[PDB]
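Asker: For reference, the structure I am asking about is given below.
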Amino acid sequence: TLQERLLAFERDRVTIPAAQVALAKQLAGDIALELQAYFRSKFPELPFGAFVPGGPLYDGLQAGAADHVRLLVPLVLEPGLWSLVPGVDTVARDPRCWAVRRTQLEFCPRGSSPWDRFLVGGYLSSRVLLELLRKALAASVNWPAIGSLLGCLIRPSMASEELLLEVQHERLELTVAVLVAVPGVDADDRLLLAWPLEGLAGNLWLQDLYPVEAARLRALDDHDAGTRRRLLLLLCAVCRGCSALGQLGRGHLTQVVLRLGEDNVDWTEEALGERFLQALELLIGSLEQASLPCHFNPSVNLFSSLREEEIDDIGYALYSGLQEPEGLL
Amino acid sequence: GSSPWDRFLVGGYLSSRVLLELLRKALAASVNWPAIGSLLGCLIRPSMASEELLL
Amino acid sequence: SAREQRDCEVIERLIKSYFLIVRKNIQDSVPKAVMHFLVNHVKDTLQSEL
Amino acid sequence: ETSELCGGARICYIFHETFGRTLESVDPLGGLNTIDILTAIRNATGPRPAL
């Protein structure tokens, strides 16, 4: 049955060997620590905090190399000299993006802060920050020393700000998503990500609500010992094993599962099959509308970047999934 | 001259005739029917009367 | 058209294949030019320059 | 002095880990819109008919 198949499917397709997981977590820390040391010597002028490993690898079960290792780089801005502004409030009117405003220049003029090297007009440049830090990773970092130290092949990606473990001696490969972001809040959740906007002002930033969403699903499960995140984990593996769902990533599934999570149904493992089909129905309906409003921000349509016809075709593929549940597994 | 539709202004009225002449010309030749046929996987062209198209 | 699309796909394959041949050669060509015209040059010139 | 890669093999790095990889990311199918190509080959034919 679907229920039985999902249980096996978790064991066979969700679980990514614990040995690789442990090694990935070790390397996540090791890479972070190396980059901490490097940034201390490369950017002694900037107040970089301790880098933090995170993401699916920790946030859930044995994700391992199934998704990126998230690596926080803490942009400790000088409290009072910098302020958070909505993108929509500026000429570059994009509410999804954010700006970091330089202020108190009457007491602390530009050139006094180390972050004023990124000061354009009166705002902090995420773009220039990315350019320098990506360059540091691209070439400045002695990846031959890192590989020699850790016993592996580690190098920089050719897109965004990611790293690649080409192979750790102990049969492990993985990627690292380096998230350079302002600490942000005292909840240790919401971050101001140095976003790489190509249009409008590339100096703009992204409000990172990942750990907020993750914590929410965690909390929702902890409220009643439910399995909302287990469903998400199953769905993630379904997308990994289904090319039709290549347009729907973890973020897409997260928005769906957050919507599902806000409900009062049988949340135990015994109804994985039931809720699996419910997840399909909710997702398909959203696909039929070509609209997926983010749970924590309904103005963000996660299907807006996808072709309507392809969106419908995905819904049709998932609909056949409803017809033959186990065929997605 | 203030409205875009004043290009069809004859006397004090909107010219359906000139509108048709330009738009039929657009369909007759201007539209890249080779791109349309290539895109949709078909033979589509303009008719030789009124303002009609033929698949 | 469909047959022509298939012919286009043939063309795309030819483009990819030849391009990759070219790019592969470039991967070795440039480095060498840099070494020749810049690096090895100044390596010997600098003494007389100084 | 043992430190950041520089001077010699750093250029080797530039010619492989940077440059070689950079080129590997380029195309090889980039820009190849089937339909635009069909237009292009129609243009390549030009005013004449073609076999």
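Each chain in the structure tokens gets a letter, A, B, ..., in the order shown, and its residues are numbered from 1; ligands are numbered from 1 in order too.
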Determine which residues of chain B DSSP labels as strand (DSSP E) from the backbone of this structure, then write them out as a list in words.
Answerer: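 Secondary structure check on chain B, strand (DSSP E): residues 9, 10, 13, 14, 45, 46, 53 and 54 of chain B.
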Asker: Name the residues in contact with region 66-82 of chain A at a cut-off of 8 Å, using only C-alpha atoms, excluding same-chain residues fewer than 2 positions from it; report them as a ChimeraX atom specification.
Answerer: /A:16,28,32,47-57,63-64,84,100-105,108,113,115,174-183
Asker: Give me a file of those residues, with N, CA, C and O atoms, as a compact mmCIF listing (two decimals), in the first residue's frame.
Answerer:
```
# COMPACT_ATOMS: atom_id res chain seq x y z
N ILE A 16 19.83 9.19 4.03
CA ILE A 16 21.14 9.27 3.39
C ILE A 16 22.23 8.89 4.39
O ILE A 16 22.43 9.61 5.37
N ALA A 28 31.47 20.32 7.50
CA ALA A 28 30.77 21.58 7.61
C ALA A 28 31.43 22.47 8.64
O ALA A 28 31.67 23.65 8.39
N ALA A 32 33.95 25.70 7.85
CA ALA A 32 33.58 26.92 8.53
C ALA A 32 34.75 27.48 9.32
O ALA A 32 35.06 28.67 9.23
N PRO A 47 34.07 42.89 11.12
CA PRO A 47 33.65 42.16 12.31
C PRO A 47 32.83 40.94 11.93
O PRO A 47 31.63 40.86 12.20
N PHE A 48 33.50 39.96 11.34
CA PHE A 48 32.87 38.68 11.05
C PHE A 48 32.76 37.85 12.32
O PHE A 48 33.75 37.65 13.02
N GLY A 49 31.56 37.35 12.58
CA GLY A 49 31.35 36.46 13.73
C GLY A 49 31.73 35.03 13.38
O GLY A 49 32.25 34.77 12.30
N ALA A 50 31.49 34.11 14.31
CA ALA A 50 31.77 32.71 14.05
C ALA A 50 30.77 32.15 13.06
O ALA A 50 29.57 32.39 13.18
N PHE A 51 31.26 31.42 12.07
CA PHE A 51 30.43 30.91 11.00
C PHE A 51 29.63 29.71 11.48
O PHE A 51 30.12 28.90 12.28
N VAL A 52 28.38 29.61 11.04
CA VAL A 52 27.47 28.60 11.56
C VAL A 52 26.97 27.66 10.48
O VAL A 52 26.31 28.08 9.53
N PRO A 53 27.28 26.38 10.62
CA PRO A 53 26.73 25.32 9.78
C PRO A 53 25.28 25.03 10.14
O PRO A 53 24.90 25.04 11.31
N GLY A 54 24.47 24.74 9.12
CA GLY A 54 23.06 24.44 9.33
C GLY A 54 22.42 23.88 8.06
O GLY A 54 23.11 23.42 7.15
N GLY A 55 21.10 23.90 8.02
CA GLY A 55 20.36 23.37 6.89
C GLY A 55 19.93 21.93 7.15
O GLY A 55 20.31 21.35 8.17
N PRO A 56 19.14 21.36 6.24
CA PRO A 56 18.61 19.98 6.21
C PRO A 56 19.51 18.94 6.88
O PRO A 56 19.03 18.06 7.59
N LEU A 57 20.83 19.05 6.65
CA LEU A 57 21.81 18.15 7.26
C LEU A 57 21.60 18.03 8.77
O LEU A 57 21.77 16.95 9.35
N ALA A 63 19.78 13.80 6.08
CA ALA A 63 19.77 14.44 4.77
C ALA A 63 21.12 14.28 4.07
O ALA A 63 21.17 14.03 2.87
N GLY A 64 22.20 14.40 4.83
CA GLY A 64 23.52 14.17 4.29
C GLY A 64 23.81 15.11 3.13
O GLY A 64 23.81 16.33 3.28
N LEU A 84 17.24 48.72 9.00
CA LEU A 84 16.56 47.88 8.01
C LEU A 84 15.40 48.60 7.33
O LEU A 84 14.49 49.10 7.99
N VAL A 100 19.79 48.01 3.63
CA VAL A 100 20.43 48.37 4.89
C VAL A 100 20.93 49.81 4.84
O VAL A 100 21.85 50.14 4.09
N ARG A 101 20.28 50.68 5.61
CA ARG A 101 20.50 52.11 5.54
C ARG A 101 21.58 52.58 6.49
O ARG A 101 21.52 52.29 7.69
N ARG A 102 22.53 53.35 5.98
CA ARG A 102 23.54 53.99 6.82
C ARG A 102 22.98 55.24 7.46
O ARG A 102 22.39 56.08 6.78
N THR A 103 23.17 55.37 8.76
CA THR A 103 22.67 56.53 9.47
C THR A 103 23.62 56.97 10.58
O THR A 103 24.73 56.45 10.72
N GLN A 104 23.20 57.99 11.33
CA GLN A 104 24.02 58.63 12.36
C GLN A 104 25.34 59.15 11.81
O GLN A 104 26.36 59.12 12.50
N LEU A 105 25.32 59.65 10.57
CA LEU A 105 26.51 60.19 9.92
C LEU A 105 26.95 61.52 10.53
O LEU A 105 28.09 61.95 10.33
N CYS A 108 28.95 59.71 13.40
CA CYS A 108 29.90 58.75 12.86
C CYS A 108 29.90 58.75 11.33
O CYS A 108 29.17 57.98 10.71
N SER A 113 33.29 53.46 9.93
CA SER A 113 32.96 52.04 10.04
C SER A 113 33.67 51.25 8.97
O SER A 113 33.89 51.74 7.86
N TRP A 115 32.32 48.83 7.52
CA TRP A 115 31.29 48.48 6.56
C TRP A 115 31.03 49.62 5.57
O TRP A 115 30.25 49.47 4.63
N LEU A 174 29.57 16.40 -1.50
CA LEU A 174 28.50 17.31 -1.08
C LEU A 174 28.77 18.75 -1.49
O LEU A 174 29.87 19.08 -1.94
N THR A 175 27.77 19.60 -1.33
CA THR A 175 27.92 21.02 -1.63
C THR A 175 27.58 21.88 -0.41
O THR A 175 26.82 21.46 0.46
N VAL A 176 28.14 23.08 -0.38
CA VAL A 176 27.93 24.01 0.72
C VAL A 176 27.36 25.33 0.21
O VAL A 176 27.96 25.98 -0.64
N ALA A 177 26.22 25.73 0.75
CA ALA A 177 25.65 27.03 0.44
C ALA A 177 26.10 28.06 1.46
O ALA A 177 25.61 28.08 2.58
N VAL A 178 27.03 28.92 1.06
CA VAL A 178 27.53 29.92 1.98
C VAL A 178 26.59 31.10 2.04
O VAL A 178 26.36 31.78 1.04
N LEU A 179 26.02 31.32 3.21
CA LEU A 179 25.05 32.38 3.41
C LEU A 179 25.64 33.53 4.19
O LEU A 179 25.63 33.54 5.41
N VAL A 180 26.14 34.52 3.46
CA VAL A 180 26.65 35.72 4.09
C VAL A 180 25.51 36.64 4.46
O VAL A 180 24.77 37.08 3.59
N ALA A 181 25.33 36.88 5.75
CA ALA A 181 24.14 37.58 6.21
C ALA A 181 24.36 38.29 7.54
O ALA A 181 25.17 37.87 8.36
N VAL A 182 23.60 39.36 7.74
CA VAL A 182 23.63 40.09 9.00
C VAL A 182 22.89 39.29 10.07
O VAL A 182 21.70 39.00 9.90
N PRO A 183 23.59 38.87 11.15
CA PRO A 183 23.00 38.26 12.36
C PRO A 183 21.50 38.55 12.50
O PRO A 183 20.69 37.63 12.61
```
Asker: Return as a ChimeraX atom specification the residues belonging to chain D that are within 10 Å of chain A, counting only C-alpha atoms.
Answerer: /D:3-6,10,13-14,17-18,21-22,24-25
Asker: Next, dump the selected residues to file, keeping only C-alpha atoms, as a PDB file, in the first residue's frame.
Answerer:
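The new file part_30.pdb reads:
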```
ATOM      1  CA  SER D   3      51.059  30.804   3.634  1.00  0.00           C
ATOM      2  CA  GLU D   4      48.366  31.608   1.085  1.00  0.00           C
ATOM      3  CA  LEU D   5      49.039  30.142  -2.340  1.00  0.00           C
ATOM      4  CA  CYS D   6      50.946  32.733  -4.346  1.00  0.00           C
ATOM      5  CA  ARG D  10      48.764  30.251  -7.716  1.00  0.00           C
ATOM      6  CA  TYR D  13      45.534  27.523  -9.977  1.00  0.00           C
ATOM      7  CA  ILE D  14      44.426  30.461 -12.135  1.00  0.00           C
ATOM      8  CA  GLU D  17      40.839  25.888 -10.998  1.00  0.00           C
ATOM      9  CA  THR D  18      39.814  29.346 -12.116  1.00  0.00           C
ATOM     10  CA  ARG D  21      36.558  25.675 -14.701  1.00  0.00           C
ATOM     11  CA  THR D  22      35.300  29.049 -15.903  1.00  0.00           C
ATOM     12  CA  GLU D  24      33.726  24.539 -18.452  1.00  0.00           C
ATOM     13  CA  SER D  25      30.727  26.568 -17.247  1.00  0.00           C
TER      14      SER D  25
END
```
Asker: Please determine the contact residues of chain D with respect to chain C at a cut-off of 12 Å, counting only C-alpha atoms, and supply them as a ChimeraX atom specification.
Answerer: /D:7-8,11-42
Asker: So that I can check the surroundings of residue 201 (chain A), please list as a list in words every protein, DNA and RNA residue that reaches within 9 Å of it, counting only C-alpha atoms and ignoring chain neighbours fewer than 4 positions away.
Answerer: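 Result of the neighbour search: residues 92, 127 and 197 of chain A.
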Asker: What does the file look like for those residues with N, CA, C and O atoms, as a PDB file, in the first residue's frame?
Answerer:
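Produced file result21.pdb, reproduced below:
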```
ATOM      1  N   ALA A  92      13.596  51.570  -6.086  1.00  0.00           N
ATOM      2  CA  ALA A  92      13.634  50.177  -6.508  1.00  0.00           C
ATOM      3  C   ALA A  92      12.574  49.383  -5.765  1.00  0.00           C
ATOM      4  O   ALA A  92      12.876  48.660  -4.816  1.00  0.00           O
ATOM      5  N   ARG A 127      25.996  43.742  -2.999  1.00  0.00           N
ATOM      6  CA  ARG A 127      26.670  43.362  -4.233  1.00  0.00           C
ATOM      7  C   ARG A 127      28.180  43.359  -4.093  1.00  0.00           C
ATOM      8  O   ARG A 127      28.831  42.364  -4.412  1.00  0.00           O
ATOM      9  N   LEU A 197      20.740  40.292  -6.216  1.00  0.00           N
ATOM     10  CA  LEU A 197      19.765  40.816  -7.156  1.00  0.00           C
ATOM     11  C   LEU A 197      20.463  41.392  -8.377  1.00  0.00           C
ATOM     12  O   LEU A 197      21.389  42.192  -8.255  1.00  0.00           O
TER      13      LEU A 197
END
```
Asker: Need to verify the contact set: residue 59 (chain A), 10 Å, only C-alpha atoms, exclusion of same-chain residues closer than 6 positions in sequence. Can you return it as a list in words?
Answerer: residues 211, 214, 215, 218 and 229 of chain A
Asker: Among chain B, which ones does DSSP assign to alpha helix (DSSP H) (computed from the backbone)? Answer as a PyMOL selection string.
Answerer: chain B and resi 16-25+33-40
Asker: Include C-alpha atoms and write out the residues we just selected as a PDB file, in the first residue's frame.
Answerer:
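Wrote selection13.pdb, looks like this:
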```
ATOM      1  CA  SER B  16     -12.140  51.870 -39.796  1.00  0.00           C
ATOM      2  CA  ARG B  17     -10.782  51.685 -43.341  1.00  0.00           C
ATOM      3  CA  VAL B  18      -7.245  52.867 -42.642  1.00  0.00           C
ATOM      4  CA  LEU B  19      -7.155  50.758 -39.506  1.00  0.00           C
ATOM      5  CA  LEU B  20      -8.067  47.710 -41.573  1.00  0.00           C
ATOM      6  CA  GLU B  21      -5.538  48.584 -44.250  1.00  0.00           C
ATOM      7  CA  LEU B  22      -2.673  48.738 -41.767  1.00  0.00           C
ATOM      8  CA  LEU B  23      -3.698  45.739 -39.691  1.00  0.00           C
ATOM      9  CA  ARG B  24      -4.426  43.584 -42.715  1.00  0.00           C
ATOM     10  CA  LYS B  25      -1.026  44.584 -44.072  1.00  0.00           C
ATOM     11  CA  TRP B  33       4.238  33.414 -40.094  1.00  0.00           C
ATOM     12  CA  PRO B  34       7.357  31.254 -40.499  1.00  0.00           C
ATOM     13  CA  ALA B  35       7.990  31.765 -36.790  1.00  0.00           C
ATOM     14  CA  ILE B  36       4.375  30.994 -35.956  1.00  0.00           C
ATOM     15  CA  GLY B  37       4.366  27.841 -38.061  1.00  0.00           C
ATOM     16  CA  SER B  38       7.710  26.782 -36.602  1.00  0.00           C
ATOM     17  CA  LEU B  39       6.536  27.505 -33.058  1.00  0.00           C
ATOM     18  CA  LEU B  40       3.166  25.824 -33.207  1.00  0.00           C
TER      19      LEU B  40
END
```
Asker: Measuring atom to atom with only C-alpha atoms, identify which of D:9, D:2, D:43, D:51 is nearest to chain B.
Answerer: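 Selected residue with least distance to chain B: D:43.
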Asker: For the atom pair CA of residue 190 (chain A) and CA of residue 208 (chain A), what is the interatomic distance in Å to one decimal place?
Answerer: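 These two atoms are separated by 5.4 Å.
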Asker: I'd like the interatomic distance between CA of residue 260 (chain A) and CA of residue 210 (chain A), to a tenth of an Å.
Answerer: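 Rounded to one decimal, the two atoms are 17.1 Å apart.
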Asker: Which one is closest to residue 149 (chain A): A:237, A:27, A:242, A:164? Count only C-alpha atoms.
Answerer: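 That would be A:27, the residue with the smallest distance to residue 149 (chain A).
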Asker: Quick one: distance from CA of residue 120 (chain A) to CA of residue 203 (chain A) in Å, one decimal?
Answerer: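 CA of residue 203 (chain A) lies 8.3 Å from CA of residue 120 (chain A).
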